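Have a look at the structure below before the remarks.
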Protein chains: 6
Amino acid sequence: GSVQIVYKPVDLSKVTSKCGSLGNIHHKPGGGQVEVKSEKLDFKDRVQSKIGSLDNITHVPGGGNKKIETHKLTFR
Amino acid sequence: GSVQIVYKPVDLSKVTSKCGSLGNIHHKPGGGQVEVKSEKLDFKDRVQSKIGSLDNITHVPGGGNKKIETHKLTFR
Amino acid sequence: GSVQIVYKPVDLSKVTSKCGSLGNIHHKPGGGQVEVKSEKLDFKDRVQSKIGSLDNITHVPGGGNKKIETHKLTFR
Amino acid sequence: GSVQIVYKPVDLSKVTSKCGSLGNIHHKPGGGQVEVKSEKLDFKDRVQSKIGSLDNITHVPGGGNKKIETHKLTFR
Amino acid sequence: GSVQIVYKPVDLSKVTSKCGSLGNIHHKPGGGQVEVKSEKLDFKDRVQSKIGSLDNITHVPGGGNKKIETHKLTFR
Amino acid sequence: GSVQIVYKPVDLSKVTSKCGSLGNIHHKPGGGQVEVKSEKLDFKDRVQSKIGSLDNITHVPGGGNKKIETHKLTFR
């Protein structure tokens, strides 16, 4: 049939930050204990897994701004 | 059939940061203990796995800005 | 059939940072213990795996900005 | 003067234990944090001191029996 | 003067243990953090001191029995 | 003057242990962090000091029995 699809999303947006001095940041973890028991692990088809972790992060981006965009057009 | 698809997403967008001095950042973890028991590990078809981690990160990007974009067009 | 697909995504976008002095960053881990027991490892078809890790990262990029873009066009 | 002191304490005592199997003992501390601030420390004449400790003990003596005796005779 | 002192403490005592199997003992500390600030430390005349400790002990003596005896005779 | 002191402490005592198998002992510390700040250390006349320790001990003597005696006879 005479199908017509026009797809023109427009994006002039901005994601912006101003920051002064960024600093004097202390991260001082006091250890710890982690234990995991399992018999069978059986992972299929798009699995993301963490088992038995003791992980420390210090993340100090001067910006850290995010712009996430998705477009999908499906025709049948 | 007479199908017509026009696909012109427009993106003038910006992801921006200004930062002053970035610094005086201390990350000082106090160790720890991790234990994991398993018998069978059986992973198939797009598996991402961490088992038994004791991991430390200091991440200090002057920007660290992200712009993630996805486009899909499906015709049937 | 008389199918017509026009595909012209336009991207003038920018991902930008200004930073002053970047520095005086200290990362000082206090060791640790990790133990993992397993009998069978059986990995197939796009497996990403870490088993038994004691990992330290200091990542200090002056920018560290990311622009990630994906396009797919499927015609049947 | 005609002072006479006789000092003959008699000790036939016993401190005794019987034990079977001694074992299957688990000590698993989960870390912690300790902080102390002080300006002047000024210790004189028989001082015993612990400042800022995070100490773990597992003590499993098969016996661990104690006999402590003091004798004093003083004459002026 | 005609002072007479006789000092014959008698000790036939015993400190005794029997133990079977001694074992299957686990000591697994999860790290930790200790911090101490001081300006002036000024110690004199029989001082015993620990400052800022993160100490682990496993002590498994087959006996560990103690007999401690002190004798003093003083004449002024 | 006609002072007489007789000093004959008698010690037939014993400190004794029997133990079976001694073993299967695990000591597994997960690290840690210790920090100490001081300007002046000023120690005189019989000082015992530990400053900033991260110390691990496994002590497994088959006996580990102690007999301690002090004698003093003083005449002034």
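Quick note: numbers below take in every heavy atom, side chains included, and nothing from hydrogens, waters or symmetry partners. Numbered from 1 within each chain, the chains take letters A, B, ... in sequence-line order.
In this structure, the ring pair (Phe, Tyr, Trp, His ring centres under 6.0 Å) partners of B:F75, at least two apart in sequence or on a different chain, are A:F75, C:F75. Contacts of F:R46 classified as salt bridge (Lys or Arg N to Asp or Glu O under 4.0 Å), with partners at least two apart in sequence or in another chain: E:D45. Every residue two or more places apart in sequence or in another chain that forms a ring pair (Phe, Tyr, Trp, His ring centres under 6.0 Å) with B:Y7 is listed here: A:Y7, C:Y7. Every residue meeting the side chain to side chain contact (heavy atoms under 4.5 Å, CB included) condition with A:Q48, not counting sequence neighbours, appears here in chain and number order: B:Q48. F:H26 meets the ring pair (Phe, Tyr, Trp, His ring centres under 6.0 Å) test with E:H26; sequence neighbours excluded. Not counting sequence neighbours, the partners of B:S13 by the side chain to side chain contact (heavy atoms under 4.5 Å, CB included) test are A:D11, A:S13, A:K67, B:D11, B:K67, C:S13.
To the nearest 0.5 Å, atoms CD1 (C:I68) and CD1 (B:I68) are separated by 4.5 Å. Distance OG1/B:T70 to CD/C:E69: 8.5 Å, rounded to 0.5 Å. With rounding to the nearest 0.5 angstrom, the NZ atom of C:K72 is 12.0 Å from the CG atom of B:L73. Taken to the nearest 0.5 Å, the NE2 atom of B:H71 stands 5.0 Å off from the NE2 atom of A:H71.
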Name each donor-acceptor pair under 3.5 Å that joins a side chain in residues 52-66 of chain E to protein atoms two or more places apart or in another chain, with its distance.
residue, atom, partner, partner atom, Å
E:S53, OG, D:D55, OD1, 2.8
E:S53, OG, D:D55, OD2, 3.0
E:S53, OG, E:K50, NZ, 3.4
E:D55, OD1, F:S53, OG, 2.8
E:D55, OD1, F:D55, N, 3.0
E:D55, OD2, E:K50, NZ, 2.8
E:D55, OD2, F:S53, OG, 3.1
E:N56, OD1, D:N56, ND2, 2.9
E:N56, ND2, F:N56, OD1, 2.8
E:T58, OG1, E:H27, ND1, 2.9
E:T58, OG1, F:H27, ND1, 3.3
E:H59, ND1, F:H59, O, 3.4
E:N65, OD1, D:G64, N, 3.2
E:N65, OD1, D:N65, N, 2.9
E:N65, OD1, E:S17, OG, 3.1
E:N65, ND2, E:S17, OG, 2.9
E:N65, ND2, F:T16, O, 3.1
E:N65, ND2, F:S17, OG, 3.2

Distance-only criterion, 3.5 Å: show the donor-acceptor pairs between side-chain atoms of residues 35-42 of chain F and protein atoms not counting sequence neighbours.
residue, atom, partner, partner atom, Å
F:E35, OE1, B:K28, NZ, 2.7

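Considering all non-hydrogen atoms of both residues, B:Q33 and F:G30 come closest at OE1-N, 3.2 Å. Between A:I51 and A:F43, the shortest heavy-atom distance links the atoms CD1-CZ, 4.1 Å.
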Yes or no on side chain to side chain contact (heavy atoms under 4.5 Å, CB included) for B:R76 and A:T74, after CA distance, side-chain angles and deciding distance? CA-CA 8 Å; B:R76 287 186 287 206; A:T74 298; 4.1 Å; yes
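Sequence neighbours left out, not one pair with a member in residues 17-26 of chain D passes salt bridge (charged side-chain N to carboxylate O under 4.0 Å, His left out).
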